[PDB]
file run_14.txt (compact mmCIF, N, CA and C atoms)
# COMPACT_ATOMS: atom_id res chain seq x y z
N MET A 1 42.03 145.20 161.63
CA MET A 1 42.91 144.19 162.30
C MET A 1 44.30 144.77 162.48
N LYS A 2 44.73 144.88 163.74
CA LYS A 2 46.00 145.53 164.09
C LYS A 2 47.19 144.74 163.60
N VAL A 3 47.12 143.42 163.76
CA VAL A 3 48.22 142.54 163.36
C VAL A 3 48.32 142.43 161.83
N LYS A 4 47.19 142.30 161.15
CA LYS A 4 47.18 142.31 159.68
C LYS A 4 47.80 143.59 159.11
N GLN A 5 47.51 144.74 159.73
CA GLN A 5 48.04 146.03 159.28
C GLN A 5 49.55 146.06 159.48
N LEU A 6 49.99 145.51 160.59
CA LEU A 6 51.41 145.46 160.88
C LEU A 6 52.15 144.58 159.87
N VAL A 7 51.57 143.44 159.52
CA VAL A 7 52.18 142.52 158.56
C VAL A 7 52.25 143.17 157.17
N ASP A 8 51.23 143.93 156.79
CA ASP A 8 51.25 144.70 155.54
C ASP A 8 52.45 145.64 155.52
N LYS A 9 52.70 146.28 156.64
CA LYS A 9 53.83 147.21 156.77
C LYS A 9 55.15 146.49 156.70
N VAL A 10 55.25 145.32 157.32
CA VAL A 10 56.47 144.52 157.23
C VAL A 10 56.71 144.02 155.80
N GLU A 11 55.66 143.61 155.10
CA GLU A 11 55.79 143.22 153.71
C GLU A 11 56.37 144.34 152.84
N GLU A 12 55.88 145.56 153.02
CA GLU A 12 56.38 146.69 152.25
C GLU A 12 57.83 147.01 152.63
N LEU A 13 58.14 146.94 153.92
CA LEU A 13 59.53 147.08 154.41
C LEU A 13 60.45 146.08 153.71
N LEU A 14 60.03 144.82 153.61
CA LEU A 14 60.86 143.80 152.99
C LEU A 14 61.03 144.02 151.49
N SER A 15 60.00 144.56 150.82
CA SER A 15 60.16 144.90 149.41
C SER A 15 61.16 146.05 149.26
N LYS A 16 61.05 147.06 150.12
CA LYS A 16 61.99 148.18 150.05
C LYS A 16 63.41 147.69 150.29
N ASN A 17 63.59 146.72 151.19
CA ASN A 17 64.93 146.20 151.46
C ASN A 17 65.49 145.34 150.36
N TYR A 18 64.63 144.61 149.68
CA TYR A 18 65.04 143.89 148.49
C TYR A 18 65.63 144.86 147.48
N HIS A 19 64.91 145.94 147.17
CA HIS A 19 65.40 146.92 146.18
C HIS A 19 66.65 147.65 146.66
N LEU A 20 66.71 148.03 147.93
CA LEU A 20 67.88 148.80 148.35
C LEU A 20 69.12 147.91 148.39
N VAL A 21 68.98 146.64 148.73
CA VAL A 21 70.11 145.71 148.70
C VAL A 21 70.61 145.54 147.26
N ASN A 22 69.71 145.46 146.28
CA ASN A 22 70.14 145.50 144.87
C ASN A 22 70.92 146.76 144.52
N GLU A 23 70.48 147.92 145.00
CA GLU A 23 71.17 149.18 144.71
C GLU A 23 72.58 149.13 145.29
N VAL A 24 72.68 148.65 146.51
CA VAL A 24 73.97 148.57 147.17
C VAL A 24 74.88 147.58 146.45
N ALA A 25 74.34 146.43 146.03
CA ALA A 25 75.13 145.46 145.29
C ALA A 25 75.72 146.06 144.01
N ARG A 26 74.95 146.89 143.33
CA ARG A 26 75.48 147.59 142.16
C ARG A 26 76.63 148.52 142.53
N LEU A 27 76.47 149.31 143.60
CA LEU A 27 77.55 150.22 144.00
C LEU A 27 78.81 149.45 144.33
N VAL A 28 78.67 148.35 145.05
CA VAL A 28 79.80 147.52 145.45
C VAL A 28 80.51 146.89 144.25
N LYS A 29 79.72 146.48 143.24
CA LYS A 29 80.24 145.94 141.97
C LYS A 29 81.05 147.01 141.26
N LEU A 30 80.51 148.22 141.16
CA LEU A 30 81.18 149.32 140.48
C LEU A 30 82.51 149.67 141.13
N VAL A 31 82.57 149.68 142.46
CA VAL A 31 83.83 149.95 143.16
C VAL A 31 84.82 148.83 142.85
N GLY A 32 84.36 147.58 142.89
CA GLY A 32 85.21 146.43 142.62
C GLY A 32 85.84 146.43 141.23
N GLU A 33 85.12 147.00 140.26
CA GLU A 33 85.51 146.95 138.85
C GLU A 33 86.09 148.27 138.35
N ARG A 34 86.20 149.23 139.28
CA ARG A 34 86.65 150.60 139.01
C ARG A 34 86.93 150.91 137.53
N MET B 1 51.72 130.07 153.47
CA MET B 1 51.39 130.98 154.61
C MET B 1 52.20 132.29 154.50
N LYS B 2 51.53 133.42 154.71
CA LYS B 2 52.17 134.73 154.49
C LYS B 2 53.35 134.99 155.42
N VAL B 3 53.16 134.83 156.72
CA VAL B 3 54.24 135.13 157.68
C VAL B 3 55.47 134.26 157.42
N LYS B 4 55.26 132.97 157.15
CA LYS B 4 56.36 132.07 156.81
C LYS B 4 57.08 132.52 155.53
N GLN B 5 56.33 132.90 154.49
CA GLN B 5 56.93 133.38 153.24
C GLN B 5 57.78 134.64 153.49
N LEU B 6 57.31 135.51 154.37
CA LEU B 6 58.05 136.72 154.73
C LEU B 6 59.30 136.39 155.53
N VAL B 7 59.25 135.37 156.39
CA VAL B 7 60.44 134.93 157.10
C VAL B 7 61.47 134.38 156.11
N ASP B 8 61.03 133.62 155.12
CA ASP B 8 61.94 133.11 154.10
C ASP B 8 62.61 134.29 153.40
N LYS B 9 61.85 135.34 153.16
CA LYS B 9 62.36 136.50 152.46
C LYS B 9 63.40 137.25 153.30
N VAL B 10 63.10 137.48 154.57
CA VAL B 10 64.07 138.15 155.42
C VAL B 10 65.36 137.32 155.52
N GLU B 11 65.24 135.99 155.58
CA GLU B 11 66.45 135.16 155.66
C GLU B 11 67.30 135.28 154.40
N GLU B 12 66.67 135.35 153.25
CA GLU B 12 67.40 135.55 151.99
C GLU B 12 68.13 136.89 152.00
N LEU B 13 67.46 137.94 152.49
CA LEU B 13 68.09 139.25 152.51
C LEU B 13 69.21 139.31 153.55
N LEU B 14 69.05 138.62 154.67
CA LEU B 14 70.13 138.54 155.66
C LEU B 14 71.36 137.88 155.06
N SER B 15 71.19 136.85 154.26
CA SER B 15 72.35 136.19 153.63
C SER B 15 73.01 137.10 152.60
N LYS B 16 72.22 137.83 151.82
CA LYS B 16 72.74 138.76 150.83
C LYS B 16 73.51 139.87 151.52
N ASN B 17 72.99 140.38 152.64
CA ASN B 17 73.66 141.40 153.41
C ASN B 17 75.01 140.89 153.90
N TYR B 18 75.02 139.64 154.37
CA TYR B 18 76.25 139.04 154.91
C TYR B 18 77.36 139.10 153.88
N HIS B 19 77.08 138.63 152.67
CA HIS B 19 78.09 138.59 151.63
C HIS B 19 78.49 140.00 151.14
N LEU B 20 77.54 140.94 151.06
CA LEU B 20 77.91 142.31 150.69
C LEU B 20 78.79 142.99 151.74
N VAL B 21 78.47 142.81 153.02
CA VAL B 21 79.30 143.38 154.08
C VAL B 21 80.70 142.79 153.95
N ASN B 22 80.78 141.48 153.70
CA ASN B 22 82.09 140.85 153.55
C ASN B 22 82.84 141.38 152.33
N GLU B 23 82.14 141.62 151.22
CA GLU B 23 82.79 142.15 150.03
C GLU B 23 83.30 143.56 150.28
N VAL B 24 82.53 144.38 150.98
CA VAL B 24 82.97 145.73 151.27
C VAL B 24 84.22 145.70 152.14
N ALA B 25 84.24 144.83 153.15
CA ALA B 25 85.42 144.70 154.00
C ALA B 25 86.63 144.30 153.17
N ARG B 26 86.45 143.39 152.21
CA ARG B 26 87.56 142.96 151.35
C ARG B 26 88.07 144.15 150.54
N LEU B 27 87.18 144.95 150.00
CA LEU B 27 87.56 146.07 149.15
C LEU B 27 88.21 147.18 149.96
N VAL B 28 87.75 147.40 151.18
CA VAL B 28 88.34 148.45 152.02
C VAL B 28 89.77 148.07 152.35
N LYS B 29 90.02 146.79 152.62
CA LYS B 29 91.36 146.31 152.96
C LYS B 29 92.28 146.50 151.77
N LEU B 30 91.80 146.16 150.58
CA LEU B 30 92.59 146.28 149.37
C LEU B 30 92.92 147.72 149.00
N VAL B 31 91.91 148.58 149.10
CA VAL B 31 92.08 149.98 148.73
C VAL B 31 93.03 150.66 149.71
N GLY B 32 92.98 150.23 150.97
CA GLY B 32 93.88 150.73 152.00
C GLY B 32 95.33 150.34 151.83
N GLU B 33 95.59 149.33 150.99
CA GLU B 33 96.94 148.89 150.68
C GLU B 33 97.53 149.64 149.47
N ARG B 34 96.73 150.54 148.88
CA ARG B 34 97.21 151.46 147.85
C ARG B 34 97.96 152.64 148.48
N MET C 1 55.42 132.19 168.55
CA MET C 1 54.54 133.15 167.83
C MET C 1 55.29 133.70 166.62
N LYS C 2 54.67 133.56 165.46
CA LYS C 2 55.34 133.75 164.19
C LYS C 2 55.61 135.22 163.88
N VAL C 3 54.66 136.11 164.17
CA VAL C 3 54.81 137.54 163.87
C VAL C 3 55.94 138.19 164.67
N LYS C 4 56.04 137.90 165.96
CA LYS C 4 57.10 138.55 166.74
C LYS C 4 58.48 138.09 166.26
N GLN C 5 58.58 136.83 165.83
CA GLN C 5 59.83 136.31 165.31
C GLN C 5 60.20 137.01 164.00
N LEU C 6 59.22 137.22 163.13
CA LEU C 6 59.43 137.98 161.90
C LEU C 6 59.91 139.40 162.18
N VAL C 7 59.25 140.10 163.11
CA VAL C 7 59.62 141.46 163.46
C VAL C 7 61.07 141.52 163.97
N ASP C 8 61.48 140.58 164.83
CA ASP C 8 62.86 140.55 165.30
C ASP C 8 63.84 140.38 164.15
N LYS C 9 63.51 139.52 163.19
CA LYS C 9 64.39 139.30 162.05
C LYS C 9 64.48 140.54 161.15
N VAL C 10 63.37 141.27 161.01
CA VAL C 10 63.39 142.51 160.24
C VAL C 10 64.26 143.55 160.97
N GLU C 11 64.16 143.63 162.29
CA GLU C 11 65.02 144.52 163.06
C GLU C 11 66.49 144.19 162.84
N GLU C 12 66.83 142.91 162.87
CA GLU C 12 68.21 142.50 162.63
C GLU C 12 68.65 142.92 161.23
N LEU C 13 67.81 142.67 160.23
CA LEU C 13 68.16 143.04 158.86
C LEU C 13 68.38 144.54 158.74
N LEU C 14 67.50 145.35 159.32
CA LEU C 14 67.66 146.78 159.22
C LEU C 14 68.97 147.24 159.88
N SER C 15 69.29 146.69 161.05
CA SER C 15 70.55 147.02 161.72
C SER C 15 71.77 146.68 160.87
N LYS C 16 71.73 145.50 160.26
CA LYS C 16 72.86 145.07 159.42
C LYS C 16 72.93 145.86 158.12
N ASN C 17 71.79 146.25 157.55
CA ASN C 17 71.83 147.11 156.38
C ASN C 17 72.33 148.53 156.71
N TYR C 18 72.06 149.04 157.91
CA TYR C 18 72.66 150.31 158.34
C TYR C 18 74.17 150.18 158.35
N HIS C 19 74.68 149.10 158.90
CA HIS C 19 76.12 148.89 158.90
C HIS C 19 76.69 148.78 157.50
N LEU C 20 76.00 148.06 156.63
CA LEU C 20 76.44 147.93 155.26
C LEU C 20 76.50 149.28 154.57
N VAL C 21 75.45 150.07 154.68
CA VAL C 21 75.43 151.34 153.98
C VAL C 21 76.49 152.32 154.55
N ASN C 22 76.74 152.29 155.87
CA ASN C 22 77.84 153.07 156.48
C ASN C 22 79.16 152.72 155.85
N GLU C 23 79.40 151.43 155.70
CA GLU C 23 80.68 150.94 155.15
C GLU C 23 80.81 151.24 153.68
N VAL C 24 79.72 151.21 152.93
CA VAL C 24 79.77 151.58 151.52
C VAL C 24 80.12 153.07 151.37
N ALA C 25 79.52 153.94 152.18
CA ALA C 25 79.85 155.37 152.14
C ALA C 25 81.34 155.56 152.42
N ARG C 26 81.87 154.84 153.40
CA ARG C 26 83.30 154.92 153.72
C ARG C 26 84.15 154.48 152.53
N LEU C 27 83.80 153.35 151.93
CA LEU C 27 84.51 152.84 150.77
C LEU C 27 84.49 153.81 149.59
N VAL C 28 83.34 154.41 149.32
CA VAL C 28 83.22 155.36 148.22
C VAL C 28 84.17 156.54 148.47
N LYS C 29 84.21 157.04 149.69
CA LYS C 29 85.10 158.16 150.02
C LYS C 29 86.56 157.73 149.84
N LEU C 30 86.90 156.54 150.33
CA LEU C 30 88.26 156.00 150.25
C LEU C 30 88.74 155.87 148.81
N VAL C 31 87.92 155.31 147.92
CA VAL C 31 88.40 155.06 146.57
C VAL C 31 88.61 156.34 145.79
N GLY C 32 87.91 157.41 146.18
CA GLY C 32 88.12 158.72 145.59
C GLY C 32 89.46 159.33 145.99
N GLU C 33 90.00 158.88 147.13
CA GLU C 33 91.24 159.44 147.70
C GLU C 33 92.49 158.63 147.37
N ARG C 34 92.29 157.35 147.09
CA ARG C 34 93.32 156.32 147.20
C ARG C 34 93.19 155.31 146.07
N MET D 1 54.04 138.77 174.81
CA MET D 1 54.16 140.09 174.12
C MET D 1 52.79 140.59 173.68
N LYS D 2 52.55 141.87 173.94
CA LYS D 2 51.32 142.53 173.53
C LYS D 2 51.43 143.01 172.09
N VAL D 3 50.30 143.04 171.40
CA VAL D 3 50.20 143.61 170.06
C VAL D 3 50.77 145.03 170.02
N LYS D 4 50.46 145.84 171.03
CA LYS D 4 50.95 147.22 171.11
C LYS D 4 52.48 147.31 171.06
N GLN D 5 53.18 146.38 171.72
CA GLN D 5 54.64 146.31 171.66
C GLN D 5 55.12 146.11 170.22
N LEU D 6 54.44 145.24 169.48
CA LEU D 6 54.81 144.96 168.11
C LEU D 6 54.49 146.13 167.20
N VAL D 7 53.35 146.78 167.40
CA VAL D 7 52.97 147.93 166.59
C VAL D 7 53.99 149.06 166.77
N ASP D 8 54.37 149.34 168.01
CA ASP D 8 55.35 150.39 168.28
C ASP D 8 56.71 150.06 167.65
N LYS D 9 57.12 148.79 167.74
CA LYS D 9 58.38 148.39 167.13
C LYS D 9 58.33 148.56 165.63
N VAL D 10 57.26 148.12 165.00
CA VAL D 10 57.18 148.26 163.54
C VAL D 10 57.17 149.75 163.13
N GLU D 11 56.55 150.63 163.90
CA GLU D 11 56.61 152.06 163.57
C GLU D 11 58.05 152.60 163.63
N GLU D 12 58.81 152.16 164.62
CA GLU D 12 60.23 152.51 164.77
C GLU D 12 61.02 152.01 163.55
N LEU D 13 60.74 150.78 163.14
CA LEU D 13 61.43 150.19 162.00
C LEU D 13 61.10 150.92 160.72
N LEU D 14 59.86 151.35 160.55
CA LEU D 14 59.50 152.10 159.35
C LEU D 14 60.26 153.42 159.26
N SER D 15 60.44 154.10 160.38
CA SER D 15 61.16 155.38 160.34
C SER D 15 62.65 155.15 160.08
N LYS D 16 63.21 154.13 160.70
CA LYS D 16 64.61 153.81 160.48
C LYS D 16 64.80 153.39 159.01
N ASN D 17 63.87 152.63 158.45
CA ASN D 17 63.98 152.21 157.06
C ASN D 17 63.89 153.39 156.09
N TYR D 18 63.02 154.35 156.39
CA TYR D 18 62.89 155.56 155.58
C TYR D 18 64.24 156.24 155.40
N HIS D 19 64.97 156.44 156.50
CA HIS D 19 66.28 157.06 156.40
C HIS D 19 67.30 156.19 155.69
N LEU D 20 67.23 154.87 155.86
CA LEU D 20 68.11 153.95 155.11
C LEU D 20 67.90 154.07 153.59
N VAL D 21 66.66 154.04 153.16
CA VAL D 21 66.33 154.19 151.74
C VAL D 21 66.88 155.53 151.24
N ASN D 22 66.73 156.59 152.04
CA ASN D 22 67.20 157.91 151.60
C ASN D 22 68.71 157.95 151.55
N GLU D 23 69.40 157.25 152.45
CA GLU D 23 70.85 157.26 152.40
C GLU D 23 71.36 156.53 151.16
N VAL D 24 70.70 155.44 150.80
CA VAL D 24 71.08 154.70 149.60
C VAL D 24 70.84 155.59 148.36
N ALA D 25 69.72 156.29 148.31
CA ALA D 25 69.48 157.22 147.19
C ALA D 25 70.57 158.28 147.09
N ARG D 26 71.03 158.77 148.23
CA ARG D 26 72.08 159.78 148.25
C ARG D 26 73.37 159.21 147.69
N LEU D 27 73.72 158.00 148.09
CA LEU D 27 74.94 157.37 147.60
C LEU D 27 74.87 157.03 146.12
N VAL D 28 73.72 156.60 145.65
CA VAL D 28 73.54 156.24 144.24
C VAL D 28 73.73 157.51 143.40
N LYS D 29 73.16 158.62 143.83
CA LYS D 29 73.35 159.90 143.15
C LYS D 29 74.82 160.31 143.13
N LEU D 30 75.51 160.20 144.27
CA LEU D 30 76.91 160.59 144.35
C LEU D 30 77.76 159.76 143.39
N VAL D 31 77.56 158.45 143.39
CA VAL D 31 78.34 157.57 142.52
C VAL D 31 78.01 157.84 141.05
N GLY D 32 76.76 158.18 140.76
CA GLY D 32 76.32 158.41 139.39
C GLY D 32 76.87 159.70 138.78
N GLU D 33 77.36 160.59 139.64
CA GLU D 33 78.00 161.84 139.21
C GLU D 33 79.51 161.66 139.10
N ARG D 34 79.92 160.40 138.98
CA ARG D 34 81.30 159.96 138.77
C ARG D 34 82.08 160.81 137.77
call {"tool": "encode", "arguments": {"input": "run_14.txt", "output": "structure tokens"}}
result
Amino acid sequence: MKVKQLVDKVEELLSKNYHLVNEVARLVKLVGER
Amino acid sequence: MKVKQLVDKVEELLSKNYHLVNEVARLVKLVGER
Amino acid sequence: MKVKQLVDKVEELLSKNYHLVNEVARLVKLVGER
Amino acid sequence: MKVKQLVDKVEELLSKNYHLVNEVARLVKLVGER
């Protein structure tokens, strides 16, 4: 199923973005608190 | 429903991005006043 | 159609996270200088 | 919209996301060598 495969890929994309946004939030916190 | 749950997730990440971009802008302005 | 709407939102998120990460790199360089 | 349009877009997003994840890893390493 082409659409099911695409949605699987979007799900993984969204998990990767959840984690990278957390990483960025940490960097931004560290700069703020120097 | 999977697609709806993924839309909820992207919306949460869009809001988190919004506030981080705003925080970075605040910090750049402050650091530039040093 | 739910999938195309999800894909557009993921595109928006990725574009905004590119901007965020660009600005974080700029901020990190700035705080090292200033 | 055709399924093929969505598949091609999601492939583009996956490649763009790959580089985003790698840029965040690069920044996390740089900050961690504080």
call {"tool": "interface_residues", "arguments": {"input": "run_14.txt", "of": "chain A", "to": "chain B", "cutoff": "7 Å", "atoms": "only C-alpha atoms", "output": "ChimeraX atom specification"}}
result
/A:11,14,18,25,28,32
call {"tool": "atom_distance", "arguments": {"input": "run_14.txt", "atom1": "CA of residue 34 (chain D)", "atom2": "atom N of residue 15 (chain A)"}}
result
28.9 Å
call {"tool": "atom_distance", "arguments": {"input": "run_14.txt", "atom1": "CA of residue 29 (chain B)", "atom2": "atom N of residue 22 (chain D)"}}
result
26.7 Å
call {"tool": "atom_distance", "arguments": {"input": "run_14.txt", "atom1": "atom C of residue 1 (chain B)", "atom2": "atom N of residue 1 (chain A)"}}
result
17.9 Å
